[PDB]
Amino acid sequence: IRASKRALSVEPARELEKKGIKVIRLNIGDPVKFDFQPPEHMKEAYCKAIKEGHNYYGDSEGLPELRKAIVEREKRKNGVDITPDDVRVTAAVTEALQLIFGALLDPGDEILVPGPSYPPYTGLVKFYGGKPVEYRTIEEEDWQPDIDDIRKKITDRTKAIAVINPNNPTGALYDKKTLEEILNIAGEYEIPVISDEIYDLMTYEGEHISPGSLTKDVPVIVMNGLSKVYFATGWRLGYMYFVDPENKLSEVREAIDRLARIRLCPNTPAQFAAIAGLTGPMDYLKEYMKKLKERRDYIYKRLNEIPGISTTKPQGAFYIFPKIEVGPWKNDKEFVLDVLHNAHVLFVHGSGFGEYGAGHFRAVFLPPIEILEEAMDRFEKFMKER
């Protein structure tokens, strides 16, 4: 029994932890594994939904009331002119991507993705028979897209340009210029922009801008959800919406609807929790952002005062992506294993985020300053020796 070709093409610390060694894990982008939880009013709504009997299959498009709530939130934030019929509730951004790529992709079709890349995008495009094509982002510009690289990498087989902003793994925040220019290129070639907006409100200085706000003709597919901004990773709930005044995506939307129907629906009670998060008080976020900004400032400061390491200052999300300027290691994979075994600190090897990630590593600044301080002291010691 041989597995499918498509499925096969889809691409240590436990041995330490089983001995009783505590490794500082800076590899995991899940805020809920640290001092973060979904706000009380979201927990209450979820639990009230269950008890009140909202345990049935919902409409495949998602609950009308949640779709209404998404409209108002996106109008307030992004000024986009959308209706509930422009919105689809999904099982997180993960399922958004699945539906979108499933509906867009024929064999050998291409999607432009940033490099350094977010690995689930690469696996998903490959699985749906497509070819993911990394466009360059520039470290010296705090990981802004290289628009000439986007221009060069477009072929007539390109079915979309994906924008992940704010960015994982770099923490970049794309400005109006970058976005306007990506939209112009996409408009020339008559293709949609997919905008991953999960880290939305998770910015440190200066607001996020959605390409949905800026487009005139170019259709944008915006994806968002509760995982990061609402600290509800294990609840698997999200959405997508279309900014498409000229109705250029009507065939694609119809394809998305067929795929959504056959899969039945996302979680029902979680969608009451989502209504609560979207229409509720944002005080919880103010407080989390404060401590997260402190943690950003701290790890940035610590990493830059270590000789042989440099890094940008992340403007969004909760990742920092340092460069290993000098050292004995053949590659970043070997480097990360060195730090694991000898400093008991776990990063992610940069090259796991594609070719533009090589010679880098990714760290999360989700742990409290005390944990970061210990991590950075050890890592500073490790680097001085090497």
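One-based numbering along the sequence shown.
According to the entry, the stretch of the deposited sequence that connects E11 to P12 contains 4 to 9 residues lacking coordinates, which leaves a gap of moderate length in the model. Between 359-367 and 14-22, it is 14-22 that carries the larger average Cα temperature factor according to the deposited entry. As listed in the deposited structure, the average C-alpha B-factor of 43-51 and of 325-333 is greater for 325-333. The entry lists C-alpha B-factors for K301, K228, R258, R88, and the highest of these is at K301. Of the residues listed, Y288, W143, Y239, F101, the entry assigns the biggest Cα temperature factor to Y288. Sort the modelled residues of the chain by CA B factor and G316 lands in the lowest third. Sorting the modelled residues of the chain by their CA temperature factor places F272 in the middle third. When all modelled residues of the chain are sorted by CA temperature factor, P245 is found within the highest third. In the PDB entry, a CA B factor belonging to the highest third of its chain's modelled residues is recorded for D283.
When the modelled residues of the chain are ordered by C-alpha B-factor, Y56 sits in the lowest third.
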